[PDB]
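S.K.: Questions regarding the structure given below will be posed in turn.
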Amino acid sequence: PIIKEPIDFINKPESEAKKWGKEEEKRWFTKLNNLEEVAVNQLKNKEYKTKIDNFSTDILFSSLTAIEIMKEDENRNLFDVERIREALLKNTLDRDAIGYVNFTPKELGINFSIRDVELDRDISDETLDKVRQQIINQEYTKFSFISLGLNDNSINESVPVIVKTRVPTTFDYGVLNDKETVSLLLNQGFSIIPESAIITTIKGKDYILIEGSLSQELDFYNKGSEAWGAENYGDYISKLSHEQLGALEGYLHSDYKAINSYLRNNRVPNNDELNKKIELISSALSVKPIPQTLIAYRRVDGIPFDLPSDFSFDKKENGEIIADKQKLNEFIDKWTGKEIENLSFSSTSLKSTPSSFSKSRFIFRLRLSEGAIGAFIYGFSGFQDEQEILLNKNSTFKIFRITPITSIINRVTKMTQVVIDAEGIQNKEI
Ligand SMILES: [Co+2]
């Protein structure tokens, strides 16, 4: 398309942003049906917006079964989320847009106070260094829809972070104009990669100004992909020797209980036959290393975190069941930045929420690097839709962000769970 200077209102009068914002919203709103307009317009309401952003996160980590239950039930939040997505589809950018994406500290895996606790005004250099260490060159996905605030009135003073980025031409968008804020609305699932962070002061208040690239991770959430495995692992079996195939098939079908436990026991007492199988399974998994960086999922219970298996992030309060904020906060503060050791092979799926694991509260969202020793289990008898990626033994999960959610289990059941963002790391013999 024809080249145009980007949308940029940062160094322009407010009235200019307001005029542009009003026409554009009107223009979008005219493209919308009545139900899409109410769903979209209500996002100017902060309680509604929070709720909808929350729900739009929750449904990515609910089983495909729960989604259907909700469709049947005519779930108004799921419907509103679906109407918002559809509304966004009717509008595509003509040019780049420059502005501020609405990431909070928590969404950049920051749990400590950025600003001084008392005045909520100053950021120390030590704090700056600590945030740089957490965020620089790290990729953080916004699960919900994303706002791009178009001028300095969009800066929320209570938020100690300003994330400035560029949205490329051809992306879907809507524009919302309310009460001195002009913003774009954008799709779920974009990431920011922070590239620099300095301290800026506007109106006596300190912010961490972050310049980031907008990107996107290869992530299938609860849908998984039937194409990714065929594309990348369609000829996998044919690349294995007989002994690699046999050893792997054995692990998948019969040996994994024994092998996992032998490995979890630091190989004591020594078992030469198990040693031989393990050697051959590891050997198989490096025949076709992970070909590109992607997200795979492993739901687990409390055990790897030294917690009861039946540990709940929920509590009885006034009759109903609500989130235990205290438990969430303490779990996040203890585990952000920690490494989870996996002595045995680790099972993983392209699907975030296989329904048999609906009640597993700790949802590892694993960045597997290109080159990672593992394989998508394609064409094996019995694995007919698990969409499994088996990772090599000694795969460490280094946690960079922990995001509480309200997973939907069935018509009558919800559950506070945690999305645990980690990188798969292999300090790796074999
Ligand atoms: Co703060």
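Readers should treat all values here as calculations from the given coordinates under stated rules, not as data from a laboratory. Reconstructed Cβ throughout: ideal geometry from the backbone, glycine too, with neighbour counts over all protein chains shown.
S.K.: So how strong a dipole does the chain carry about its Cα centre when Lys and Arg Cβ are +1 and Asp and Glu Cβ are -1, to the nearest 20 debye?
M.R.: Roughly 320 debye, rounded to the nearest 20.
S.K.: Post the alpha-carbon centroid distance, region 42-76 to region 370-403, in whole angstrom.
M.R.: Value for the Cα centre distance between the two parts: 28 Å.
S.K.: Here's a follow-up. Could you point to the residue in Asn275, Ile332, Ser56 farthest towards the positive end of the chain's charge dipole, with +1 and -1 charges on the Cβ of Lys/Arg and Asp/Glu respectively?
M.R.: Value computed over the given set: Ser56.
S.K.: Here is a follow-up. At 37 °C and a viscosity of 0.692 mPa s, what translational diffusion coefficient does Stokes-Einstein give for region 338-430, taking Rh as the Kirkwood radius over Cα pairs? Give it in µm²/s as a whole number.
M.R.: Stokes-Einstein gives a translational diffusion coefficient of 227 µm²/s.
S.K.: Taking only the alpha carbons of region 219-430, what extent do you get along each of the three principal axes, in Å, biggest first?
M.R.: Here the Cα extents, ordered largest to smallest, are 61, 41, 28 Å.
S.K.: As I understand it, the dipole of region 1-218 uses +1 on the Cβ of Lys and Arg and -1 on the Cβ of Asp and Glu, about the Cα centre. Which of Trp20, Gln188, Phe143 lies farthest toward its positive end?
M.R.: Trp20
S.K.: Short version: ³J(HN,Hα) in whole Hz for each residue of region 391-402, in order, from phi by Karplus 6.51 cos²θ - 1.76 cosθ + 1.60 (θ = phi - 60°), x for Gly and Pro, what are they?
M.R.: 8, 4, 3, 6, 8, 8, 10, 9, 6, 10, 7, 10
S.K.: Would you please give the residues with an amide H less than 5 Å from that of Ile7, counting only those at least 5 places away or on a separate chain, with H modeled from the backbone geometry?
M.R.: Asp96, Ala97, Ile98
S.K.: For n ≥ 4 DSSP H runs only, could you compute -39500 (n - 2.57) per run for the chain, divide by its residues and tell me the 222 nm figure to the nearest 500?
M.R.: -8500 deg cm²/dmol
S.K.: Amide H to amide H under 5 Å from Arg166: which residues, 5+ apart in sequence or cross-chain, H placed 1.01 Å off N in plane?
M.R.: Here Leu214 satisfy the definition.
S.K.: Let me ask another. Would you mind computing Rg(Cα) / (2.2 N^0.38 Å) for the chain, counting N as its residues? Let's see the in-between values first.
M.R.: On the way: Rg = 23.6 Å, N = 430, 2.2 N^0.38 = 22.0 Å.
For the chain, the normalised Cα radius of gyration is 1.07.
S.K.: Going through region 202-289, which GluC sites (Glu not before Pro) have at most 14 other Cβ atoms within 10 Å and a DSSP loop state?
M.R.: In loop regions of region 202-289 (DSSP not H, G, I, E or B), the sparsely surrounded GluC sites (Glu not before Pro) are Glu226.
S.K.: Sorting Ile162, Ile281 on the 10 Å Cβ count, fewest up front, what's the list?
M.R.: Final ranking by Cβ density, sparse to dense: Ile162, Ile281.
S.K.: A follow-up question, please. Relative to the longest principal axis of the C-alpha atoms of the chain, give the angle of the C-alpha long axis of helix 46-58, reported between 0 and 90° and rounded to the nearest 10°.
M.R.: 20
S.K.: Enumerate the amide H contacts of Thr293 below 5 Å, restricted to partners 5 or more residues apart or on another chain; note that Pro and chain-start residues carry no placed amide H.
M.R.: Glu370
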